[PDB]
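Chains as they are written, first to last, in PDB author numbering: chain 11, 2 to 89; chain UU, 2 to 225; chain OO, 193 to 320; chain 22, 312 to 344; chain AA, 95 to 124, 132 to 188; chain HH, 2 to 161. Here a beta-carbon is modelled for each residue, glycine too, at the ideal position from N, C-alpha and C.
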Amino acid sequence: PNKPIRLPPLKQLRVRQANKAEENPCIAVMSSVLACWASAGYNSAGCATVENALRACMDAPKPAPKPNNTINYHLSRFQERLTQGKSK
Amino acid sequence: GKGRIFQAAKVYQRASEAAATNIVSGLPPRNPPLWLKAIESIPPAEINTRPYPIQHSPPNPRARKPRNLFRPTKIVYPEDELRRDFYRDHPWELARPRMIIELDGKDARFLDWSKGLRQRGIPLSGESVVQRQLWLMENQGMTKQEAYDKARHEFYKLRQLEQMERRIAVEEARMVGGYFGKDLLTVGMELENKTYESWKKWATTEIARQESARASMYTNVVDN
Amino acid sequence: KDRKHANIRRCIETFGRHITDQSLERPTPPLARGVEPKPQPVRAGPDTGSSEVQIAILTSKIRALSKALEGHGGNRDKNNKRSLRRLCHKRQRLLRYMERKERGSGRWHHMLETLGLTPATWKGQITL
Amino acid sequence: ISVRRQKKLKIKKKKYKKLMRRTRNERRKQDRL
Amino acid sequence: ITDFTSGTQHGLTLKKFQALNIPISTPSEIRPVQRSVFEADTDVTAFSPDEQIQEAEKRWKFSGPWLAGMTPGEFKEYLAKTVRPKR
Amino acid sequence: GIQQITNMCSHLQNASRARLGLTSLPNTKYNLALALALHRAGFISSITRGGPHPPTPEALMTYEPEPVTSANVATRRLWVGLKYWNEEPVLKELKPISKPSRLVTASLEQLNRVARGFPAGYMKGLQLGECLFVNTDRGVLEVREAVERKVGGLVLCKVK
RNA sequence: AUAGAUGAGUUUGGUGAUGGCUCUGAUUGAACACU
RNA sequence: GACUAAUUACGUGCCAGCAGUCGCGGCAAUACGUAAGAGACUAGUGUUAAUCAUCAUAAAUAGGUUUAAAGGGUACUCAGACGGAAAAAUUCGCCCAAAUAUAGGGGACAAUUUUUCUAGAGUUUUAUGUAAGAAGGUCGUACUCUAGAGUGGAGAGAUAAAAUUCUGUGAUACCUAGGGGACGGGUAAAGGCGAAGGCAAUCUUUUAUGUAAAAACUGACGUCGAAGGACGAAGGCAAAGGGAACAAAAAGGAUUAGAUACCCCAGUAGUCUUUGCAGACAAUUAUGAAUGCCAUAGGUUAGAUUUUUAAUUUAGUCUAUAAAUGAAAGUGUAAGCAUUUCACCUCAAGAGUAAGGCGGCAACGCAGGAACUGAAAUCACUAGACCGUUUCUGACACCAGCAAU
RNA sequence: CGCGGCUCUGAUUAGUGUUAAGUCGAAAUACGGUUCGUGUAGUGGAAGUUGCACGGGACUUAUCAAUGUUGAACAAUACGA
Ligand SMILES: [K+]
Ligand SMILES: [K+]
Ligand SMILES: [K+]
Ligand SMILES: [K+]
Ligand SMILES: [K+]
Ligand SMILES: [K+]
Ligand SMILES: [K+]
Ligand SMILES: [K+]
Ligand SMILES: [K+]
Ligand SMILES: [Mg+2]
Ligand SMILES: [Mg+2]
Ligand SMILES: [Mg+2]
Ligand SMILES: [Mg+2]
Ligand SMILES: [Mg+2]
Ligand SMILES: [Mg+2]
Ligand SMILES: [Mg+2]
Ligand SMILES: [Mg+2]
Ligand SMILES: [Mg+2]
Ligand SMILES: [Mg+2]
Ligand SMILES: [Mg+2]
Ligand SMILES: [Mg+2]
Ligand SMILES: [Mg+2]
Ligand SMILES: [Mg+2]
Ligand SMILES: [Mg+2]
Ligand SMILES: [Mg+2]
Ligand SMILES: [Mg+2]
Ligand SMILES: [Mg+2]
Ligand SMILES: [Mg+2]
Ligand SMILES: [Mg+2]
Ligand SMILES: [Mg+2]
Ligand SMILES: [Mg+2]
Ligand SMILES: [Mg+2]
Ligand SMILES: [Mg+2]
Ligand SMILES: [Mg+2]
Ligand SMILES: [Mg+2]
Ligand SMILES: [Mg+2]
Ligand SMILES: [Mg+2]
Ligand SMILES: [Mg+2]
Ligand SMILES: [Mg+2]
Ligand SMILES: [Mg+2]
Ligand SMILES: [Mg+2]
Ligand SMILES: [Mg+2]
Ligand SMILES: [Mg+2]
Ligand SMILES: [Mg+2]
Ligand SMILES: [Mg+2]
Ligand SMILES: [Mg+2]
Ligand SMILES: [Mg+2]
Ligand SMILES: [Mg+2]
Ligand SMILES: [Mg+2]
Ligand SMILES: [Mg+2]
Ligand SMILES: [Mg+2]
Ligand SMILES: [Mg+2]
Ligand SMILES: [Mg+2]
Ligand SMILES: [Mg+2]
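Laid out in structure tokens, this is it:
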């Protein structure tokens with residue numbers, strides 16, 4: 002097995018999405034509710050608990066976003082030293 | 002050619018010509034720059050010329066079309082072979098910190114390896130054995146192995162006294178009311194405790210992730 | 193391949209200049225005007241590079257290949273029609289050089305009669 | 312040659328190829344194949 | 095840049111070991134007899150061609166490899182490039 | 002043949018373009034004839050026959066080259082010292098005139114005309130700094146050395 | 001025979017090239033128009 | 001008007017007209033016509049036609065072909081051109097040096113020739129590695145047909161959605177047992193091989209080069225190469241086989257303003273085998289082959305050496321640069337510096353067309369104009385705009401809600 | 001007199017050049033809305049379009065689930081943004 006190549010000269014060395022764009026934590030809860038209605042029915046009693054969990058989602062506040070990741074700043078410092086150059 | 006035209010080596014020639022005559026023909030030239038007469042007799046040095054570099058090792062005689070003639074060569078001494086032998090037989094000798102920072106570059110003025118391993122200005126290290134070995138192997142005509150054993154044995158007897166003095170120096174100090182602080186054996190263990198806890202918290206918080214995600218793997222949300 | 197390298201030993205043993213110097217009566221070419229024979233250093237090994245050996249080795253390859261192109265399905269091998277043409281043109285050049293170099297020496301006639309090399313093999317143009 | 316100019320040769324070669332197919336019969340009658 | 099790292103993982107492991115105040119003895123087989138490794142009779146590397154076999158066990162530095170430790174590949178390379186041209 | 006002189010001219014251009022302090026050439030009497038004229042004209046610094054490795058730089062003139070016999074003639078090479086003054090090579094351009102495809106010969110009256118900067122034949126007049134080397138029966142000479150000796154011959158190359 | 005070697009207009013939104021065309025010079029065993 | 005020295009006024013209004021080139025004229029034209037003035041040559045002055053020069057615009061002196069006209073599909077080769085080291089003979093080429101110079105001189109180089117040399121080119125020493133090629137046999141995944149009145153018993157397949165279509169003569173789905181034809185999953189890589197075209201499952205058989213390291217051997221035996229000959233993708237022609245799958249043609253169903261088409265149900269040549277014909281390709285690196293040479297760095301392929309860790313080195317290949325080179329884009333193992341040789345180019349368009357000829361069963365191939373008509377065709381770059389282009393940023397732009405037309 | 005060459009002409013017929021103000025489509029240039037071109041074989045009023053192999057003069061236009069570290073205590077006259 003070979004080793005990682007040395008990147009050619011790029012206009013800019015950076016990652017598109019520095020911070021992980023996490024998903025809405027409740028879109029998974031809704032899928033569970035929609036899963037019960039398919040197996041247990043709509044007006045059934047088994048799905049009475051998952052519905053309460055779904056109603057608990059929107060009543061809770063949205064977590065605040067995290068501070069930006071400084072990865073792109075450090076990638077731009079070591080570009081010329083880590084790759085074959087920088088394109089003009 | 003992306004590079005620019007640097008004429009730094011011709012500042013005097015260019016400046017002296019511009020100052021020879023006056024732009025207003027018919028008048029004497031003005032006074033030249035103050036630096037023109039300063040470097041009048043200090044021309045630049047030749048640059049960019051590729052000479053035949055110093056050959057620290059004999060070049061390959063069998064080569065008929067040798068390449069890399071204008072490439073600097075590796076510096077190798079007879080001690081390189083000796084250093085590698087010693088430090089491979091004593092790997093933990095590399096754990097003894099050594100200061101390669103120079104003080105005044107005058108260390109080799111007080112080194113007379115005909116006396117022994119203990120010199121002036123340098124510590125007793127694997128380098129002393131290599132220098133003492135090289136001296137015996139060249140002056141007293143000893144062989145690589147014979148000179149190695151001699152300088153090597155002299156080096157052990159000195160290290161033994163250094164370790165025996167730490168223990169005795171601490172033992173006698175307490176016999177006359179001398180107390181000391183914490184030692185590495187104790188300090189080293191406390192640092193492990195503080196680091197072990199950080200792992201325990203991580204494991205305890207990381208195991209809850211698997212057991213929770215594992216139990217929730219099944220779609221038992223119906224609550225039948 | 194075993195016979196290929198075994199034939200190479202036969203050519204070096206038959207046409208090897210280290211053997212024909214004593215087997216033939218007049219191996220070397222006749223002397224020129226004023227030229228006199230002087231002793232030269234001995235060979236440090238067998239003669240494997242003379243034009244006689246090379247022409248003999250090429251003859252073995254030309255037969256092994258020309259015999260495969262004539263066998264069953266040999267006409268379907270279109271790529272090796274160049275290889276046969278390339279072996280005959282390599283032998284033509286050595287025969288053409290050895291002809292003028294040896295100036296009709298007994299060592300030149302021994303090669304022709306033994307290998308059956310006729311003028312058609314080097315004189316004109318080999319068209320295949 | 313750019314693709315823009317090659318399309319000029321492309322049409323000239325197709326018009327000719329198309330003309331010979333069309334007149335192949337009368338060229339065969341006059342013995343001009 | 096100067097690719098460097100901390101040297102305390104081994105620098106302090108040496109000081110912590112020497113704090114135990116214990117020598118290093120020769121490996122024993124299983132009468133415990135701890136013999137130092139710096140003895141003049143065992144700790145020797147310069148030998149004479151007249152050196153017989155009974156005294157070859159005391160040494161610790163040999164030029165040849167340990168046949169049992171080599172892999173089937175390293176052993177073939179050894180037989181082909183070290184012992185074959187020494188006939 | 003003339004092909005070796007043509008290779009010697011293009012090689013010295015590439016060695017001066019690369020600002021090399023030394024350069025090697027195949028060891029032939031023809032290359033030695035042109036090198037001696039370049040050294041005699043002041044375009045190169047030294048000429049020394051040696052092996053595939055350059056001699057000691059400092060002790061270049063006092064270098065003791067071994068005799069050239071059939072046992073080492075294949076490895077001999079001519080080592081040339083190149084000059085660079087005022088951040089410029091002294092041997093910038095070496096343009097050949099006579100080539101393997103055609104050997105250009107000049108007469109004594111054509112060389113007298115080319116020496117003063119007037120075209121004559123396939124040659125052109127010499128300007129300030131340019132030199133012209135002719136291979137005559139008296140050896141490789143500079144055009145002004147040839148007209149003085151009143152001889153013509155084969156024109157080799159024009160040295161800017 | 002040692003003074004003898006020259007350009008200009010015109011392709012493009014623009015720039016640099018490529019490449020023709022035309023003009024600038026000299027002339028005719030000339031013709032035509034106005035004289 | 002500008003090139004090109006020399007201006008206004010009036011008339012005319014894309015008309016009449018001027019014009020060597022670019023152009024001028026559409027109601028306030030220094031460009032047309034008249035008037036005056038001005039700039040020139042002068043017994044001549046303009047115009048037409050022609051020749052040289054302009055035009056390195058057929059380049060011997062002295063050009064060029066990656067992207068602009070221009071590198072042959074390929075390299076083995078006859079003729080031809082060119083091509084090592086150190087000496088010698090001959091010509092007296094070459095030079096003095098001409099006047100088409102009798103007779104001599106000089107000896108570097110040139111021609112024929114001789115003798116030596118080993119740096120080019122080759123041979124031997126089973127290299128390693130390797131989808132060059134060919135022959136005779138196989139393997140396997142899937143597909144397909146047949147059979148088991150198999151199990152099961154009304155759908156299946158298709159598409160964005162449908163329709164044509166398949167199915168109660170039992171389909172799809174799930175199996176068992178036989179037959180057939182092609183194809184070649186992983187490995188797999190900037191990897192390799194051959195002159196190129198091209199070459200990727202497997203066993204045996206068979207074939208020429210090439211690469212590394214050491215020795216030995218021959219002793220310039222070399223490079224290029226018009227022509228002839230050979231090879232040459234896919235499609236195609238001819239004959240005899242094969243026929244599962246795919247699929248020009250022909251035909252049907254949809255979509256659409258219309259739909260030959262793009263999509264779909266099906267489907268013949270053909271693809272495959274053997275033997276010939278055929279010779280055109282973006283047959284590409286838009287870059288002929290070969291030789292000498294010029295500074296580095298990071299990968300990678302096959303070896304070699306070593307203190308086999310890792311370095312060193314030979315031959316390949318790719319990335320990014322220096323000197324330099326280039327119209328620039330870029331290249332930098334070359335599109336640089338030089339050299340050798342072959343092919344090819346000389347404004348656009350007509351045209352790779354016509355006619356005659358040659359080759360071929362045919363399809364077509366090779367070779368190859370002129371007339372008529374133009375002042376432009378053409379290349380790289382720069383900044384914009386545009387995109388049924390990417391990713392962002394503002395706006396009741398949209399979503400949502402209320403009201404309204 | 002015959003055969004051949006050449007010149008002129010020929011019912012009928014083909015190609016191409018030029019010409020702003022006609023007509024029918026929308027093939028190319030952006031992913032040009034079916035990638036475009038080369039070759040070859042078909043096909044359609046026309047530009048076009050289909051099969052097969054081939055070229056980039058099209059996709060290098062490429063830009064993190066390795067998520068980024070208690071890398072040796074504390075205090076001294078040592079240390080002091
Ligand atoms: K072109
Ligand atoms: K214009
Ligand atoms: K003479
Ligand atoms: K002579
Ligand atoms: K190919
Ligand atoms: K089908
Ligand atoms: K249809
Ligand atoms: K490399
Ligand atoms: K250039
Ligand atoms: Mg086959
Ligand atoms: Mg433009
Ligand atoms: Mg004017
Ligand atoms: Mg007029
Ligand atoms: Mg007027
Ligand atoms: Mg007069
Ligand atoms: Mg080509
Ligand atoms: Mg051809
Ligand atoms: Mg072609
Ligand atoms: Mg010899
Ligand atoms: Mg020899
Ligand atoms: Mg060789
Ligand atoms: Mg092998
Ligand atoms: Mg049934
Ligand atoms: Mg059934
Ligand atoms: Mg099968
Ligand atoms: Mg595969
Ligand atoms: Mg190869
Ligand atoms: Mg060749
Ligand atoms: Mg040919
Ligand atoms: Mg075919
Ligand atoms: Mg076929
Ligand atoms: Mg058939
Ligand atoms: Mg085929
Ligand atoms: Mg054929
Ligand atoms: Mg192809
Ligand atoms: Mg060629
Ligand atoms: Mg490759
Ligand atoms: Mg590059
Ligand atoms: Mg044309
Ligand atoms: Mg025509
Ligand atoms: Mg014709
Ligand atoms: Mg042609
Ligand atoms: Mg732009
Ligand atoms: Mg609104
Ligand atoms: Mg709304
Ligand atoms: Mg109303
Ligand atoms: Mg008519
Ligand atoms: Mg289209
Ligand atoms: Mg369109
Ligand atoms: Mg399209
Ligand atoms: Mg197509
Ligand atoms: Mg159809
Ligand atoms: Mg495109
Ligand atoms: Mg692109």
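| Item | Value |
| --- | --- |
| Check this for me: beta carbons of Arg-7 (chain 11) and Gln-85 (chain 11), under 8 Å apart or not? | yes |
| Can you name, in chain order, every residue of its own chain whose Cβ lies under 6 Å from the Cβ of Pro-60 (chain UU), other than the five neighbours on each side? | none |
| By DSSP's criteria, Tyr-85 (chain HH) is part of a beta bridge. Which residues make up the other side? | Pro-90 (chain HH) |
| Can you list, in chain order, the residues of the stretch 57-91 of chain HH whose Cβ is nearer than 7 Å to any Cβ on chain UU? | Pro-58, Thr-76, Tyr-85, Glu-88 |
| Using a Cβ cut-off of 8 Å (strictly closer), state whether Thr-84 (chain 11) contacts chain UU. | no |
| Tell me, please, whether the CB atom of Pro-55 (chain HH) is closer than 8 Å to any CB atom in chain UU? | yes |
| Can you check whether the CB of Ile-48 (chain HH) is closer than 8 Å to the CB of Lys-84 (chain HH)? | no |
| Under three-state DSSP, which class holds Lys-145 (chain UU)? | helix |
| Which residue or residues does DSSP assign as beta-bridge partners of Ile-48 (chain HH)? | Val-81 (chain HH) |
| Which runs of the alpha helix (DSSP H) spanning at least 4 residues fall entirely within the stretch 54-104 of chain UU, listed in chain order? | 79-90 |
| Assess contact between the stretch 55-72 of chain HH and the stretch 117-137 of chain HH, defined as three or more Cβ pairs (one per stretch) separated by less than 8 Å. Is contact present? | no |
| Could you say which of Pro-10 (chain 11), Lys-63 (chain 11), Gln-13 (chain 11) lies nearest to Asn-25 (chain 11) if we only look at CA atoms? | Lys-63 (chain 11) |
| Using Cβ-Cβ distances below 8 Å, what residues of the stretch 54-86 of chain 11 are close to chain UU? | none |
| Taking a cut of 9 Å between CB atoms, which residues from the stretch 15-31 of chain HH lie near chain UU? | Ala-19, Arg-20, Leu-21, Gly-22, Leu-23, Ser-25 |
| Less than 6 Å between C-beta atoms, sequence neighbours within five positions excluded: which residues of the same chain meet that for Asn-3 (chain 11)? | none |
| Return helix, strand or coil for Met-9 (chain HH), following the three-state DSSP convention. | helix |
| For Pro-45 (chain UU), which residues of its own chain have a beta-carbon under 7 Å away from its beta-carbon, when the five flanking residues on both sides are left out? | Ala-10 |
| Check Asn-136 (chain HH) in the structure and name its three-state DSSP category. | strand |
| How many angstroms separate the CA atom of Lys-87 (chain 11) from the CA atom of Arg-5 (chain UU)? | 18 Å |
| Starting from the beta carbon of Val-222 (chain UU), find every residue of chain 11 whose beta carbon is closer than 7 Å, and list them in chain order. | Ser-33, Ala-36, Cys-37, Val-51 |
| Given 8 Å as the limit, is there contact between the stretch 63-77 of chain UU and the stretch 318-329 of chain 22, that is, 3 or more CB pairs closer than that? | no |
| Can you tell which of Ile-169 (chain UU), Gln-134 (chain UU), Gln-161 (chain UU) has the C-alpha that lies nearest to the C-alpha of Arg-153 (chain UU)? | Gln-134 (chain UU) |
| Does the beta-carbon of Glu-175 (chain AA) have 16 or more other beta-carbons within 10 angstroms, so that it is buried, or is it exposed? | exposed |
| For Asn-225 (chain UU), which residues in chain 11 fall below 7 Å Cβ to Cβ? | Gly-47 |
| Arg-299 (chain OO): buried (16+ other C-beta within 10 angstroms of its C-beta) or exposed? | buried |
| Count the C-beta pairs between the stretch 72-84 of chain HH and the stretch 30-44 of chain HH that are closer than 8 Å, then say yes if the count reaches three, no if not. | yes |
| Is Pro-229 (chain OO) buried or exposed, if buried means 16 or more other CB atoms sit within 10 Å of its CB? | exposed |
| Give the secondary structure of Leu-21 (chain HH) by DSSP, where H, G and I count as helix, E and B as strand, and everything else as coil. | strand |
| CB-CB under 7 Å to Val-245 (chain OO), same chain, minus the five flanking residues each way: which ones, in chain order? | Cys-203, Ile-204, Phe-207, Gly-208, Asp-239 |
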